[PDB]
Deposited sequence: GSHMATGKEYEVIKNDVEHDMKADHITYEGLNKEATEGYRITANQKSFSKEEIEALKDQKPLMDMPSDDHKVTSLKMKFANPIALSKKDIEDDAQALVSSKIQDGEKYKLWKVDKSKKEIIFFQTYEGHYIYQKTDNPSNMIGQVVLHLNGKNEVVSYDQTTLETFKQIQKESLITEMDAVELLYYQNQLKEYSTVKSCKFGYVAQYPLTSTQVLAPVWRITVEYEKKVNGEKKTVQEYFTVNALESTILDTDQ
């Protein structure tokens, strides 16, 4: 074979450029391309949220609500040095479909706690920039003594695995990055974590792709960079 000759050429260049790998799988598994619908919240779901007052236009004949901005009637105390667990606990038991979200980031400058919707317990990685690219998140807003005041929410529902495929390994993903010239010399691969990204929208439906999220620290000073590499092996089709 030639995949082999090429692969270990990339090995013998990575060793040349002193690139470090960490506990990475070399055994392929099976994966799926997923399509999910954008949840549309109804009148009856919204008012069914006890002890919570809305901060958005209710739905109607013209208007659909795919984004909840809700205010708690009384703000909820979160522990100082246990903040992360208390935050999960709050999301699970008070927010609709809360079980389905995992904690991403505690941003202290923005005074918020960000949660990503998962699939099979794996992050659906998204941009924490803005509400545009918030397909599936819960963002908790805090004030003062770290009490949650309001939260923003969007949800994916009705998942369909539409296409099965073989997935590239972890090491595969890293070689693929080095190939694309995304690794300077002496650069370390800190982690290689699995999850999804919305590859593109359809009418009212996102199409998810499984990915490896790679975290490299390297020099330019020392910085971490994050790459989202496509886990799907869809190169050759059938004829």
query	finding
Ranges missing from the model, given as deposited sequence positions	1-7, 228-233, 253-254
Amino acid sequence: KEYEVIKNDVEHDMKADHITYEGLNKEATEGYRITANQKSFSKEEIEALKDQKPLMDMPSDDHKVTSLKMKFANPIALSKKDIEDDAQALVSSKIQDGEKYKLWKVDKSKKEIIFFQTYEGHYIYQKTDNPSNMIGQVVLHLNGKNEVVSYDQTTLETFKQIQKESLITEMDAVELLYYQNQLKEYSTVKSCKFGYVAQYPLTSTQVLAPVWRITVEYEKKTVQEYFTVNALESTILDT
From here on, numbers count along this sequence of modelled residues.
{"query": "Comparing 221-229 with 14-22, the one whose average Cα B-factor in the PDB entry is higher", "finding": "14-22"}
{"query": "Per the entry, higher mean C-alpha B factor between 209-217 and 64-72", "finding": "64-72"}
{"query": "C-alpha B-factor winner, where the candidates are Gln161, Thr154, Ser132, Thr118", "finding": "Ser132"}
{"query": "Deposited CA B-factor, highest of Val174, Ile34, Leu202, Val197", "finding": "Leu202"}
{"query": "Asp97 by Cα B-factor - lowest, middle or highest third of the modelled chain", "finding": "lowest"}
{"query": "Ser187, C-alpha B-factor rank within chain (lowest, middle or highest third)", "finding": "middle"}
{"query": "Third of the chain, ranked by Cα B-factor, where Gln180 sits", "finding": "middle"}
{"query": "Position of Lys193 among the chain's modelled residues by C-alpha B-factor, lowest, middle or highest third", "finding": "middle"}
{"query": "Record-listed C-alpha B factor of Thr29: chain third", "finding": "highest"}
